[PDB]
Each structure stands twice: as structure tokens, then as C-alpha cells.
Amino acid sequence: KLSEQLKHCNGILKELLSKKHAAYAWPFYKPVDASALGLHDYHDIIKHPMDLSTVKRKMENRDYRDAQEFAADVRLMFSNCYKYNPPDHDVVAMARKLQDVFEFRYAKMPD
């Protein structure tokens, strides 16, 4: 079950990183460089940064023991975006679209 469910998670992760979703996935590829972007309040508002490169490293290192732990990091990434940004910002529209991809495929988890 656990290996099988984590392979489903790895499949989802590969899809989120694939060219298919690149138009709206790209802000989530790497850690937010707050200083580079002039977001000098980012790390005061976001206590637990998360991004797909960190999720990929954790998957590669067999850090995730189950699908629930993987999903918590993916949703933390989206939640950080919804917490920090005005809700009408382009990056929030991009987060909503990538979260739709994630949630619909995560829901197809093998039992």
C-alpha cells in the first residue's frame, strides 16, 4: 500500500514538474528567493517555506513515509502562496490552477 501510494505521489510530482503545467507551475519550481524579489516580509509571514524542488529532494531521499506526509508539503506550498499574496495576484491564480491538478489526481490515490 505505502510504496504503491508513494509511487502515485511520485507520479503526481512528475506531472506538476512536467511541460504540460509549466505556464502556471513555474513559480513553485524552486524556493521563493524573497531577497531577489524584494519580498523583505516573506520570512516574517511564512514560517515554513515549501516548493516542488524541496518535495522532489524529500521524495528522492525517501523522507516521506506515506502519501499524507507528501500531500501536507504540497498543500503547505499552496497555503503559503494564499497566506502571503493578495487573493487577486497572478501567482494566486497560478497556485489555484496547479492545486486543481494536484487535488483531482491525489483523489485518484490507489486504496
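Only the largest set of C-alpha atoms that superpose within 1.5 Å between the two forms is called the rigid core. Numbering starts at 1 and runs along the sequence shown.
Enquirer: Comparing C-alpha positions in 7 other deposited structures of this protein against this form, with the rigid core used for the fit, which stretch differs more, 32-40 or 49-57?
Expert: Stretch with the larger root mean square C-alpha distance in 7 other deposited structures of this protein: 32-40.
Enquirer: Averaged over C-alpha atoms, is the B-factor higher for 51-59 or for 32-40 in this PDB entry?
Expert: Looking at the record's C-alpha B-factors, the answer is 32-40.
Enquirer: Do the CA atoms of 84-92 or those of 5-13 have the higher mean B-factor in the entry?
Expert: Comparing averages over the C-alpha atoms only gives 84-92.
Enquirer: Consider only the C-alpha atoms of the modelled residues in this chain, order them by B-factor as the entry records it, and name the third containing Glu69: lowest, middle or highest.
Expert: It falls in the middle third of the chain.
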